[PDB]
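1. Below: the sequence, then the experimentally determined structure.
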Amino acid sequence: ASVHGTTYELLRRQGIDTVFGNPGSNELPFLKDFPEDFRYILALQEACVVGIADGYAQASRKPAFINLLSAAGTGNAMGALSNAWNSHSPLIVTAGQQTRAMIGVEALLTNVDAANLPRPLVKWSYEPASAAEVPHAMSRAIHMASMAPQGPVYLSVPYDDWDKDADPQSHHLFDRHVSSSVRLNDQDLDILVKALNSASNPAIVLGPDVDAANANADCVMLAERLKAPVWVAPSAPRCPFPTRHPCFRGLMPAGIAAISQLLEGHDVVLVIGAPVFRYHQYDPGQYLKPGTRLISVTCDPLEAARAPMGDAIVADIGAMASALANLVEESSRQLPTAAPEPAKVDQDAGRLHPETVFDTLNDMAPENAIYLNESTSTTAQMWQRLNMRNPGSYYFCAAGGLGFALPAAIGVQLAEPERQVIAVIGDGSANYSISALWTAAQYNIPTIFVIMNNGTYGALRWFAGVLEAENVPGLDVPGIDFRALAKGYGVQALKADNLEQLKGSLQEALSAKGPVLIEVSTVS
Amino acid sequence: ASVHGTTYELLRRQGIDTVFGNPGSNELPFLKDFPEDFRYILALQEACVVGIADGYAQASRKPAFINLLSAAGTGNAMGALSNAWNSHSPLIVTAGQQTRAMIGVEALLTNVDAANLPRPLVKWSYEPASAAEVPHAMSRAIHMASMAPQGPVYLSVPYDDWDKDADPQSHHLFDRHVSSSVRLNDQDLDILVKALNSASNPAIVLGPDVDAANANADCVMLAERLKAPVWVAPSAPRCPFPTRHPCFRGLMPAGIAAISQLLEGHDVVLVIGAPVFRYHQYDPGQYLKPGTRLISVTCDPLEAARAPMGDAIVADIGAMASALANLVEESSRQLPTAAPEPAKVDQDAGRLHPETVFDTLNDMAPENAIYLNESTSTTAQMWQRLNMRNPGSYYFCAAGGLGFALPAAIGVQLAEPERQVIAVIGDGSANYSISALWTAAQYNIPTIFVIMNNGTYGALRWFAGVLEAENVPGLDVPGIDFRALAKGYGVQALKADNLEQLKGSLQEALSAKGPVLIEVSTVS
Amino acid sequence: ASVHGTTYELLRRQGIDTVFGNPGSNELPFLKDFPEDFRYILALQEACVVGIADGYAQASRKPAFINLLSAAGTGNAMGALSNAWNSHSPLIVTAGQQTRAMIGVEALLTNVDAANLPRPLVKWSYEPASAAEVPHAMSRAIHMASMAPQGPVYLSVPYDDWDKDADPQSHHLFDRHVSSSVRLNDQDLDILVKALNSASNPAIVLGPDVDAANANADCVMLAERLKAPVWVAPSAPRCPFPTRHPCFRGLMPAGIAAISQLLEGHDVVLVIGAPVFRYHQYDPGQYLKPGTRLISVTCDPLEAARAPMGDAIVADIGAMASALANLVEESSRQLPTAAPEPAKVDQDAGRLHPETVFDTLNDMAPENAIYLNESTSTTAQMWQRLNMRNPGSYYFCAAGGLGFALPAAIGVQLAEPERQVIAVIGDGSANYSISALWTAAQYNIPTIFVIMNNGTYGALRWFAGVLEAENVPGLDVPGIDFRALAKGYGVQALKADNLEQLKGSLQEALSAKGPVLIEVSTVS
Ligand SMILES: Cc1ncc(Cn2c(C)c(CCOP(=O)(O)OP(=O)(O)O)sc2=O)c(N)n1
Ligand SMILES: Cc1ncc(Cn2c(C)c(CCOP(=O)(O)OP(=O)(O)O)sc2=O)c(N)n1
Ligand SMILES: Cc1ncc(Cn2c(C)c(CCOP(=O)(O)OP(=O)(O)O)sc2=O)c(N)n1
Ligand SMILES: [Ca+2]
Ligand SMILES: [Ca+2]
Ligand SMILES: [Ca+2]
Ligand SMILES: [Mg+2]
Ligand SMILES: [Mg+2]
Ligand SMILES: [Mg+2]
Ligand SMILES: [Mg+2]
Ligand SMILES: [Mg+2]
């Protein structure tokens, strides 16, 4: 067998059947004779390729496979990889290298010092020393991406390797099963359970690895048993809990002082599947108030190491959440009371308040909708106003890198064809990966894109105001016609300048058979 | 003085007055109180920011300054940096880092292991150990970018550093002059000159560092004195010689065998300002034929080290070209005869042959036009059909990374306001950095964009055909309306479905007061 | 509190009380006011410092703390770090950096790009961005070294940081408990147990992480229950099983074909705490024979990823071994028969056969002796001839890097004062870290060093013979007087030119109150 044949067999035997790519000359020998059981999803720029694959992986809860051209293609994707690192997304990034005979002279398209290029944003990065090693290196990539803590990996392959003879002993790779589905030993787990049972006023904080593990329902049972309020850890990339459950307390502010204040009076705080903590703003103070102790369950040694406070346990989130949910006592305390409904913001017949948009989405979207957020000044209101009952219902750029949501929403929609995906994206953010729209059109992936257009980088204006920073350039982005951009890439386009138009446009979009972009005129 | 004040003073004292950027929260403390004598050029995505800065630097022959947001912003620009490395572009890339107090916890927007992120695509990469070091680190960045061989550099700055007190001793940085304007010692230069004088059939090959050095006119004199044919080294990022000069022989094919065959019978081949050589296709054979010896003058030790044949001299291209041009004897041999004019390809009243487009551009464009090429299947014809008399008249992605020409053409036009820039870009390539169009509209930078639309990634189809590679996915890009994309970003748009429309559209574009995009229907 | 005070408090609260070091100017501000409850162990060169710390960590089963001077001191230790990486040794390597104000100018003793220096041989490598971050960075280092898979880490600290004020919130670091004591979830563990119970002819292979975990006794129970032969995985850094237990089958040859042949007929092979596999010699063939399936339990994702065959489970070795030992059925098969005693090699009254030396050591050493091996041509015989009943009884350079055993034997002896350490080291190997002898003398650490002197690099002569490689230089090391070297560093020295002298010298050494070196004349 050839390296080509052996590698595709390994991929299919390991459950991979889709290649997200933007093709180049170093990859043609890999892509030729493309297997009939595989599908190829083209995107027009590599940030888009990786964003789509990322959404697909996160929603499918399985690795996604990417193919890019050498250094330039990899380079165009590195902002997307920064998000993927923070979301623990299992991505296998392959990049074609020059033929081995032309690497030394640094022919055009040689990826120089290739393995160093995507560092430090990958778990493992490698170029094999010979063609026959390629299937083994691919096996390593698959497992490195897939083991807890999941994350992106990188493999560089000289284009002449594919046609070479494979090692017959590569067949041992095909069916390898590698597990990191582990939990704390019984003795120490019993100690943890007793500490939770004994707490007088426990609180729970959940992060994105809960949703990645589909541990959401187990966390609901845990919270119900402990009668504990539940917060989502700050800078949340995913939604780990039903947002109208009585225990739910919303998104934590991303500040040190703010969080210790919220946790004041809680004697034991159990954090599951989050860094401790993904703060953002400068908000100095105590990490925890006296009387609060913190216990973190994380899938990632790097998270456990860097937490500035608390104990930690490094284990699989699914296995730990299930065990805890089924082992803790049913507390006799009263179940927390549900948060009150959000206020209706006054809305005239003109430009839309973001609150109006979220309320209307919540009113009209199906109960199993999936939302993506890249409307950076409106996150707090979004979190308060969307009832997200089910797992896998929310995604936000995990490293704060704009250009995620537009392509990721296409990948999520591909992963979940029966769940309507609605991406709420600011006018500024929409541009970073605008060309991803084309993929939705070409493959008829029926994502709805809601562009919140207020003409400015609003979150930056807000932060400037905080800093009392005057005379900052580059904060306004006037003069973008999003309906024209949508037309450019073949996506149906609607406009909503007021509430009645928003309702009409959403009705049309929800009944459409293809992707739709709605440009919403929002308040400045 | 503050670090902010001291750093802007250093920048202005070192000739920097423009910041190319996409703003983020870690950069607001740098951008606040933006000096009135500086200008800020916003682009909507970081590949665009860097592409614009790159074109500006290459055309201006001076460093350009870039400001990006942390890891995600830097990451989005890494494909653009791959080109900049290969073109020796003097780019100073600054990226804002989290406040020092929040780096340890890896708060959102922390650039982890920051200096490693852009490696291996930068000459120098650094994060200072204290705020007071920032001006010195900036000085290092300026000089590292600017010394031969020029190239991109990276500086990461925690956002809290800017407001801190500067070291008064930083004033010694302001007026430092650093020179690498060096040439071979007299004794060895005399040996080289004698070898050139003694050659019976010399040939000259020129690369992009000739144009970067503005050594073009000196190379013309050298070629005239030696009565030598002149080729442009393969995969050419720039044009180093007047393309209708009698000595000119065009673009070398990017193959080992092809080049040794072209050089056969030439006893001494002098290469100036090029790698030896930027081959691309697999074309095995002899590096040089018997009877040919090669001497390379390069600004880059890495080029000299990796050449598989010939002697080399590492020195400044401007200084070496000037010295050689003025020292060699006037040969009594006959001056080479000019290449014949290109044939006119038969053209009916339908879709345009690329040859027709280039002939028409050559007929209608001003003699001091500047062209950019990202029409990947048409490069050979472009090189044959455009009379480029002046320096700085051609740019092509130096690492082969698409997404360069569209933003770079805006930067070039900004650098050269009196020279009409015309970017010829394929329908595939146009998408990578499509959002750069907005910058041209916003700042009214009157670049003309000619989109060669044939619905496919033609160069890849061609290479697949060569490989006899069947069943390759992802090679077609139907369904893109470039006039709508132009409208989306505020750029006047025209279409040309045939020759009469092409002529009409070019006439309108050449007389326009702002940027213009022309979508040309080209043959498949 | 100062950063100095806070950091030493963190260290002591995390169980660290010893600093292994070679001092330098960048570390004087750390070492000043050295706490009275800490001890400092000086060694004369940094390979020795790290080797001693490594032996100490491995034997103590807890992290060891190292302090070195900048780049040169770190650099001198990098061979020692290569071994530490392969043995998963929990080492915290700190290196002093220049004062922050002098880093930019690259003053003497600046560690340039410090975090990159020890890569790729460390789990985590870092320089903090401010003095107040130092305690947090130290906390990260402690936990990164200590979490499974354990390994070395690196922290660079500017010397001016120590005297600065600490953040009062650093107190939250002091008592953090971080656990990776995890095992496979119940459902999947039950599946594994059933597979073991159902095996008709199981085999067990054990690696060094078993001994590191003190899982040895649990593995004995597991082997007894399954009635399974037990091998030690190739290139063994530690001994994971009693070598005279009836199930023991010895050290596996480090070859692909050899191992699949040994395993032929075994239907299920359970590997615990080893890479699959640390082969050495080229010995091509089948990874496994038909009819054999392999299941690996490893603490290290990198091991699980790269295994070319088998299933894998990534978990704590102690937790997994305990669970398996207590869950499997008692097989009704016959217990394996103990390996026969080794043959006595004919020995005349002249130079010693290595077999004679090992037999005599086995005859005379206490039953709780600890051996180290750096006698590279005699490993197979050593493994056959020493009865090692207890855990922690054997160490061999895990990356094959010579210079380990001599210093490591001192660290092991320091860790285990009641167990006589006997290091068997070839004449070649003895030189790499010869200066470590001084530390044994100075601190009166009573290690016995047995130098096997045959005047040559015997293992290399053997491998050359295999390659049929003639005319290899540099294989002989005549003219070294090891008794004089011992005298040089203050260690009592004896010679043994024949068996009667060997017995006499060992009797004297075993009754000595300090370290002793015995130079043994062995056969060529
Ligand atoms: C790749 C990248 N570039 C720049 C930024 C900086 N940035 C920018 C530019 C924001 C403004 C986004 O504008 P928007 O129109 O999408 O939404 P709002 O007006 O609601 O803020 S928020 C923010 O962090 C970023 N996070 N990521
Ligand atoms: C960043 C990046 N991605 C992908 C490629 C691969 N690529 C691609 C996709 C080409 C086709 C460009 O299509 P076009 O429409 O711009 O021009 P032609 O039809 O004349 O080839 S040429 C080529 O090398 C690349 N060079 N750089
Ligand atoms: C740091 C280092 N340098 C060189 C070697 C190469 N080497 C060398 C030099 C060996 C010979 C050791 O000689 P010895 O006297 O200690 O033992 P033998 O005579 O029994 O081989 S075995 C071996 O792998 C090595 N493993 N590590
Ligand atoms: Ca906006
Ligand atoms: Ca095309
Ligand atoms: Ca020897
Ligand atoms: Mg990198
Ligand atoms: Mg699905
Ligand atoms: Mg100018
Ligand atoms: Mg290194
Ligand atoms: Mg002890």
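-> Done, it's in. Residues are numbered from 1 along each chain as shown, chains lettered A, B, ... in the order given. Ligands and ions are numbered 1, 2, ... in the order given.
2. C-alpha from now on. contacts and neighbour counts both.
-> OK.
3. Which parts of the stretch 201-350 of chain A are strands?
-> Taking DSSP state E, counting those that start in this stretch, the strands of the stretch 201-350 of chain A run over residues A:203-206, A:230-232, A:248-251, A:268-272, A:293-298, A:311-314.
4. So which of those strands is nearest ligand 1?
-> strand A:248-251 (17.2 Å; Cα to the nearest ligand atom).
5. ok, residue A:261 - contacts?
-> Listed by Cα atoms under 8 Å, 6 or more residues apart in numbering or on different chains, the contact partners of residue A:261 are A:288, A:289.
6. any idea how far residue C:435 is from it?
-> Separation of residue A:261 from residue C:435 (Cα to Cα, to the nearest Å): 56 Å.
7. show me what contacts residue A:483?
-> Residues in contact with residue A:483 (Cα under 8 Å, 6+ apart) are A:493, A:494, A:495, A:517, A:518, A:519, B:488.
8. From the structure, what's the count of residues near the closest residue to residue A:60 other than its chain neighbours?
-> Distance criterion Cα to Cα, 6 or more residues apart in numbering or on different chains; nearest residue to residue A:60, sequence neighbours excluded, is residue A:415 at 5.7 Å. When counting by other Cα atoms under 10 Å in any protein chain shown, one arrives at 18 neighbours for residue A:415.
9. ok now do residue A:94, which residues does it touch?
-> Contacts for residue A:94 were tallied using Cα under 8 Å, 6+ apart; they are A:65, A:66, A:67, A:68, A:154, A:155, A:156, A:157.
10. which helices and strands sit right next to the helix or strand containing residue A:52?
-> If you go by DSSP states H and E, residue A:52 is part of helix A:46-60. The helices and strands touching helix A:46-60, judged by 3 or more Cα pairs under 8 Å, 6 or more residues apart in numbering or on different chains; DSSP states H and E, are strand A:18-21, strand A:64-69, helix A:70-76, helix A:78-86, strand A:91-97, helix A:405-415.
11. could you dump the ones you listed to a markdown table with distance to residue A:37?
-> Below are the helices and strands packed on helix A:46-60 laid out as a markdown table (distance: least, Cα to Cα, whole Å):
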| stretch | distance to residue A:37 |
| --- | --- |
| strand A:18-21 | 9 |
| strand A:64-69 | 15 |
| helix A:70-76 | 26 |
| helix A:78-86 | 27 |
| strand A:91-97 | 19 |
| helix A:405-415 | 17 |
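12. Nearest to ligand 4, out of those?
-> Taking Cα to the ion, helix A:405-415 is the member of these nearest to ligand 4, at 14.6 Å.
13. wait, residue A:406 sits on residue A:428?
-> No - Residue A:406 lies out of contact with residue A:428 (Cα atoms under 8 Å); the separation is 11.9 Å.
14. Neighbour count for those two, which is higher?
-> Neighbours of residue A:406 and residue A:428, each counted by other Cα under 10 Å, are more numerous for residue A:406; the result is 34 against 27.
15. contacting residues around the more buried one?
-> A:51, A:423, A:425, A:430, A:433, A:434, A:436, A:437, A:449.
16. Now render these as TSV, adding neighbour count.
-> Formatted as TSV, the contacts of residue A:406 follow (neighbours: other Cα atoms under 10 Å in any protein chain shown):
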residue	neighbour count
A:51	32
A:423	27
A:425	26
A:430	28
A:433	30
A:434	25
A:436	29
A:437	28
A:449	28
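17. and residue A:93, how many residues sit next to it?
-> If we define neighbours as other Cα under 10 Å, then residue A:93 has 28 of them.
18. and what of residue A:241?
-> 30.
19. residues touching it, list them.
-> The contact partners of residue A:241, by Cα under 8 Å, 6+ apart, come to A:206, A:211, A:216, A:217, A:219, A:220, A:232, A:248, A:389, A:390, A:391.
20. Residue A:463 now?
-> By Cα under 8 Å, 6+ apart, residue A:463 lies in contact with residue B:25.
21. just to revisit the earlier point, take the contacts of residue A:483 and write them to TSV, including neighbour count, secondary structure and distance to residue A:102.
-> Shown next, in TSV, are the contacts of residue A:483 (neighbours: other Cα atoms under 10 Å in any protein chain shown; DSSP: H, G, I helix; E, B strand; the rest coil; distance: Cα to Cα, whole Å):
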residue	neighbour count	secondary structure	distance to residue A:102
A:493	19	strand	47
A:494	21	strand	51
A:495	19	strand	52
A:517	26	strand	46
A:518	23	strand	49
A:519	25	strand	49
B:488	23	helix	42
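22. one step back: show the contacting residues for the residue nearest to residue A:60.
-> Residue A:415 makes contacts with A:56, A:57, A:59, A:60, as judged by Cα under 8 Å, 6+ apart.
23. if we go to 7 Å?
-> Going by Cα atoms under 7 Å, 6 or more residues apart in numbering or on different chains, residue A:415 touches A:56, A:59, A:60.
24. how much space between the last one and ligand 2?
-> The gap separating residue A:60 from ligand 2 is 26 Å, by Cα to the nearest ligand atom, to the nearest Å.
25. Which stretches in the stretch 401-524 of chain A count as helices?
-> Ranges of helices in the stretch 401-524 of chain A, per DSSP state H, counting those that start in this stretch, are A:405-415, A:437-443, A:458-467, A:482-488, A:499-511.
26. Pull the contacting residues for residue A:226.
-> Residues in contact with residue A:226 (Cα under 7 Å, 6+ apart) are A:330, A:331.
27. Report the separation between it and ligand 3.
-> As judged by Cα to the nearest ligand atom, residue A:226 and ligand 3 stand 57 Å apart.
28. so how far is residue C:123 from that residue?
-> Using Cα to Cα, residue A:226 is found at 37 Å from residue C:123.
29. Residue A:118 now?
-> Taking Cα to Cα, one finds residue A:118 at 18 Å from residue C:123.
30. Looking at the two, which one has more neighbours?
-> Ranked by neighbour count (other Cα under 10 Å), residue A:118 and residue C:123 place residue A:118 first, with 30 against 19.
31. so what's that one up against?
-> Applying Cα under 7 Å, 6+ apart, the residues near residue A:118 are residue A:78.
32. what does chain A put close to ligand 2?
-> A:22, A:23, A:24, A:25, A:69, A:72, A:73 (Cα under 6 Å from any ligand atom).
33. Residue B:460 is in contact with the fourth one, correct?
-> Right, the one you point to is residue A:25. Yes - counting by Cα atoms under 7 Å, residue A:25 does reach residue B:460; the two are 6.4 Å apart.
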